[PDB]
C-alpha cells in the first residue's frame, strides 16, 4: 500500500536513520557542493525531500529557488526546518505526491534519493523519472545514472539455513500434530525472500555484470519491466547458490562526477547487499559460463516480482527461481563475515 509507505517515512526516526548514513548523506553533500556551478542561482526540484536535507545542501551550493516536494507528514517538519534555518525565500516545501502537485515553474536540476534495495525496491525511481516533466531541456538529474551489479555466489551455510528453518514443519508429532505436509510450502516461502545483509567478497565466483539506467534518458514505463541478461565467466569452481546484487549511482556534474557505491568492497550503507538464492544450486568449474536472465516485474505493492533463470552452458544444468522483493529477510547481525572454507593457499600455522 502507498499509504503505509508514506506512513513509514512520516517518522523522524526513519529520516534520522537515513541521515545517519554518512556515506549516503556525505556523498550527496559532496556531490552537490563540489558541483556548485550546477546549482548557483539555479532552479532546483527535490523529489521526496523528507527532512529537507538535500534541499539545504542545494541552498549551501547557492541555488536561488528549491522546490521541495514531500508526500508524507514529514513535509510539515521540513517546513519547520526551512523557517528555523531562515531559508523561506529560497526553499518552498510543497506537500503532496510529485505526480499530483503543481510546480510554479520549470527547473534547472532535479535532485533526489530514490534508491532502494538492489536499486529498484520501493519503486521511487518511477516518481523520480516522472518529475522530468518539470525539467528544462538542458536540465540535469542528481543522481544522473544508476548501475545495478550482479554476481553469482557460493554460501553453503546460507543455503542450508533455509532448510534448517523449514524442517520445523517436518515432524510427525508437534504436540500430537503431524506438520510434515506443509514442509514444502515453508521451504518455498523462505526461498522467495531476498536476503539483505553483507558478505566476504571471496564468496563471489565471477566478475560482476553491470546493468545501467540512465536517468536523463529513461522513461517511467521502462521501470515496470526490467530484463537483466547475464553471462558469467566462472573464476572459481564450486556450487552456485544464487546471485548477489548491489548498486552504484553517479552524479555527473559540470565540474566532476561523484559516485555513491554500495559494493561489498565499500563501507556499508543502510542498503547493505542483497542475495537471491537458487532453490536448486548449480555446479560450475572455473572457465565455465553461467548464463541467464533476471526479470523484474512491477507489482501493486510498490515492489517487484523477481524471476531468475540460470544455466551452466557447458553442462546444461538449469535453475529457475521466483522471489518477492517486498518481503526480504533482514539477516545482518554485525558479525564479521567469514571467507569461504578452503581459502588458505599457504599454511595458516606459518
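Numbering follows the first chain given and starts at 1.
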{"query": "Mean Cα B-factor comparison, 119-127 or 102-110, giving the higher one as deposited", "finding": "102-110"}
{"query": "150-158 or 72-80, whichever carries the higher mean Cα B-factor", "finding": "72-80"}
{"query": "Options 302, 27, 55, 307 - largest CA temperature factor per the record", "finding": "302"}
{"query": "Chain-relative CA temperature factor third for residue 181", "finding": "lowest"}
{"query": "Lowest, middle or highest third - CA B-factor, residue 256", "finding": "highest"}
{"query": "Lowest, middle or highest third - CA B-factor, residue 194", "finding": "lowest"}
{"query": "Residue 210 - which third its CA temperature factor falls in, relative to the rest of the chain", "finding": "middle"}
{"query": "Assigned third (lowest, middle, highest) for the C-alpha B factor of residue 166", "finding": "lowest"}
